[PDB]
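One structure below.
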Amino acid sequence: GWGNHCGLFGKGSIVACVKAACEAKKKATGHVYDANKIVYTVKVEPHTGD
Amino acid sequence: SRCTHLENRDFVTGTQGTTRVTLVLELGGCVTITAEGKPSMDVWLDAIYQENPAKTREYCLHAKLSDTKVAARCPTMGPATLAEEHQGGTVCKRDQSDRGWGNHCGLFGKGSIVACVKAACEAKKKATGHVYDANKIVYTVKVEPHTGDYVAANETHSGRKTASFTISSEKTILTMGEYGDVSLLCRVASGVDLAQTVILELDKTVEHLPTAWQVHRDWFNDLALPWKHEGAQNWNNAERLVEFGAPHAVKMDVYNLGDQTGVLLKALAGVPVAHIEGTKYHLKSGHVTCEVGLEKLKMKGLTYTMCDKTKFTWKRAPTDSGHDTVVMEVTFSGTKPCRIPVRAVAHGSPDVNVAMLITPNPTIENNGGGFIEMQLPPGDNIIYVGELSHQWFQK
Amino acid sequence: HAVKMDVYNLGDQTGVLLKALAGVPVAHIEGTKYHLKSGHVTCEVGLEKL
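From first to last, the protein sequence lines are chains D, G and Y. Counting in full-length UniProt numbering, the first sequence runs from 383 upward without gaps. Counting in full-length UniProt numbering, the second sequence runs from 284 upward without gaps. Counting in full-length UniProt numbering, the third sequence runs from 531 upward without gaps.
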């Protein structure tokens, strides 16, 4: 309206935007396994009396 | 007129004899007072606040843990102990771990283990509550006379006056320039009850957040977070943000539950905001009833001659104000000061003046005047400012 | 309001995520190795040459 420098009193269009990024070290990342690349490690130790 | 700047506007009108007017002013509202033989006045409650209110508890939203210490004893060696278990400002957990030859104990069995961390709060990660004292709260009321000058919201009206009220000082007499004196009696006791209110403050320097919230005392007192009194060195219930892992041999992990700000903010959605300006803690919603004394107010320019009916032009053609009134502004090129000859007729009845003026005794002063606000009946009308005319369809 | 519109940030969601993650099993990362902390495998052990 006149109070904010418009000729008419009514609804005026307004649009606001912000650039959105992510804070450093504030991510949550997911990882998936490939059954063909997964490794199983097995250890064996003899009973040596020690 | 200031009230034309907002959507929330009320009109109060005093008739014959009405010398006093009782209004209920609300934050975000505005009242236009009109009365026979009196200059019109715009009045509004501008702020409600208290400087340096008392602080109740401070809560910690993000624990800063450091100096993790663990003490463990073999099954026959007795209780494990740390000096920290007796210090304030530390969180500890005593448990039992499985011990045996593998971790250097003579026997295979349960051994005592105790782990402690020093618990403090991250800088700027506090949530502090404040309480109002009804005897120290201030209500600010503004008054502005209708001078026939239009001023935008970002501009300052030279005739605007401010009055402050506290419970112990309920009456003020304001001198409205040449319009006389107006008396204001506002009772803070008629205002908002603040017994169950707490103003919650996080970090007011954060840019994308309100500076404060108005929350319920019982909700605030039940927050499951570490807390302390301002000034106290350590936190009570610091364990609320710390978890201990199951022990294994001579070790026990300490986990931090992270920053609780996001959690709090979800709880605060839908809660009303408040505002902090330095040391002033403001309510953003509230009301107060005032009695306005109009008897000492006098109109301006009643003895001027009528302006030359030939010298008016439209600076701002008649326009809808949004309050079912019409606003306009004229320019006068004749000799000042003088009374503006304004009137309006319904299409077809040139004899009956149908204009109800909001602006009192419109005049063109040596350095002002010209803005007029009026109400007209529905339908086609013609507005006249002397010989200057304008068609106007009302509604 | 008039020619302005405020933008609010909902804050760090880490605390919210961590509450959801309580009771979820942990895993472990060692450099480029992504380890499971729970699991099993069946093996056949040949003893004839011992």
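C-beta: ideal position from N, C-alpha, C; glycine also.
**Request:** For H491 of chain G, go through chain Y and note every residue whose CB falls closer than 7 Å to its CB, in chain order.
**Result:** On the second sequence, position 208 is the one that residue 491 of chain G refers to. Chain Y residues near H491 of chain G: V537, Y538 and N539.
**Prompt:** beta strand (DSSP E) containing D603 of chain G: first to last residue?
**Reply:** Residue mapping note: residue 603 of chain G aligns to position 320 of the second sequence, counting from 1. Note, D603 of chain G: beta strand (DSSP E), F595 to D603.
**Request:** Run the proximity test for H440 of chain G: is its beta-carbon closer than 6 Å to any non-hydrogen atom belonging to the ligand FAD?
**Result:** For the ligand FAD, the structure offers nothing, since it holds no ligand at all.
**Prompt:** Are at least three pairs of beta-carbons, each pair with one atom in the region 543 to 553 of chain Y and one in the region 539 to 554 of chain G, less than 8 Å apart?
**Reply:** yes
**Contact list for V575 of chain Y against chain G, beta-carbon separation under 9 Å** = In the third sequence, residue 575 of chain Y corresponds to position 45, counting from 1. Chain G residues near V575 of chain Y: none, gap ~24 Å exceeds 9 Å.
**Prompt:** What residue from G:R443, G:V481 and G:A436 has the CA that sits closest to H429 of chain G's CA?
**Reply:** Along the second sequence, read from residue 1 onward, the residue named residue 429 of chain G stands at position 146. Taking only the C-alpha atoms, the option nearest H429 of chain G is G:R443.
**Item:** Local Cβ density within 10 Å of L585 of chain G, reported as buried at 16 or more and exposed below that
**Value:** Numbered from 1 along the second sequence, position 302 holds the residue referred to as residue 585 of chain G. Its Cβ having fewer than 16 others within 10 Å, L585 of chain G is exposed.
**Item:** Cβ neighbour criterion (16 or more within 10 Å) applied to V481 of chain G
**Value:** Residue mapping note: residue 481 of chain G aligns to position 198 of the second sequence, counting from 1. So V481 of chain G counts as buried.
**Asked** What number of angstroms, rounded off, separates the C-alpha of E405 of chain G from the C-alpha of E513 of chain G?
**Response** Here residue 405 of chain G is taken as the residue at index 122 of the second sequence, counted from 1. Here residue 513 of chain G is taken as the residue at index 230 of the second sequence, counted from 1. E405 of chain G and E513 of chain G: Cα-Cα distance of roughly 15 Å.
**Item:** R626 of chain G - partner residues in DSSP beta bridges
**Value:** One-based indexing of the second sequence puts residue 626 of chain G at position 343. G:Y667, per the DSSP bridge assignment.
**Item:** Among G:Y415, G:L477 and G:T488, the one whose alpha carbon lies nearest that of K409 of chain G
**Value:** Locating residue 409 of chain G in the second sequence gives position 126, counting from the first residue. Cα-wise, what sits closest to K409 of chain G is G:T488.
**Request:** Enumerate in chain order the residues of its own chain whose CB-to-CB distance from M459 of chain G is below 6 Å, with the five nearest sequence positions on each side excluded.
**Result:** Here residue 459 of chain G corresponds to residue number 176 of the second sequence, with the count starting at 1. Excluding residues within five positions, the ones whose Cβ falls inside 6 Å are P428 and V465.
**Cutoff 7 Å: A406 of chain G Cβ touching any chain D Cβ** = The count along the second sequence starts at 1 and reaches residue 406 of chain G at position 123. Not closer than 7 Å to any Cβ of chain D, the Cβ of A406 of chain G fails to qualify, so no.
**Request:** For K579 of chain G, I'd like the list of residues in its chain whose CB is within less than 8 Å of its CB, leaving aside the five on either flank, ordered along the chain.
**Result:** The residue labelled residue 579 of chain G in the question sits at position 296 within the second sequence. Same-chain partners within the cutoff: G463, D464, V465 and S466.
**Prompt:** From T315 of chain G to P509 of chain G, what distance separates their C-alpha atoms?
**Reply:** Walking along the second sequence from the start, residue 315 of chain G turns up at place 32. Walking along the second sequence from the start, residue 509 of chain G turns up at place 226. Cα to Cα, the separation comes out at about 50 Å.
**Item:** chain D within 7 Å of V554 of chain Y, Cβ atoms only
**Value:** Here residue 554 of chain Y refers to the residue found at position 24 when the third sequence is read from its first residue. So, not an interface residue.
**Prompt:** Would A557 of chain Y count as contacting chain C if we go by Cβ distances under 7 Å?
**Reply:** Of the chains in the structure shown, none is chain C; the protein chains are D, G and Y.
**Cutoff 8 Å; reference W384 of chain G; Cβ partners in own chain excluding five residues on either side** = The count along the second sequence starts at 1 and reaches residue 384 of chain G at position 101. The residues are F391.
**Prompt:** With a CB to CB cut of under 6 Å and the five nearest residues on each side skipped, what residues in its chain are close to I331 of chain G?
**Reply:** Numbered from its first residue, the second sequence carries residue 331 of chain G at position 48. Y422, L566 and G569.
**Item:** Neighbourhood of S672 of chain G by C-beta distance below 6 Å, restricted to the same chain and skipping five residues each side
**Value:** If you number the second sequence from 1, residue 672 of chain G lands on position 389. Hits under 6 Å: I665.
**Prompt:** What number of angstroms, rounded off, separates the C-alpha of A435 of chain G from the C-alpha of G541 of chain Y?
**Reply:** Residue 435 of chain G sits at position 152 when you count from the first residue of the second sequence. Residue 541 of chain Y sits at position 11 when you count from the first residue of the third sequence. Those two C-alpha atoms are separated by around 37 Å.
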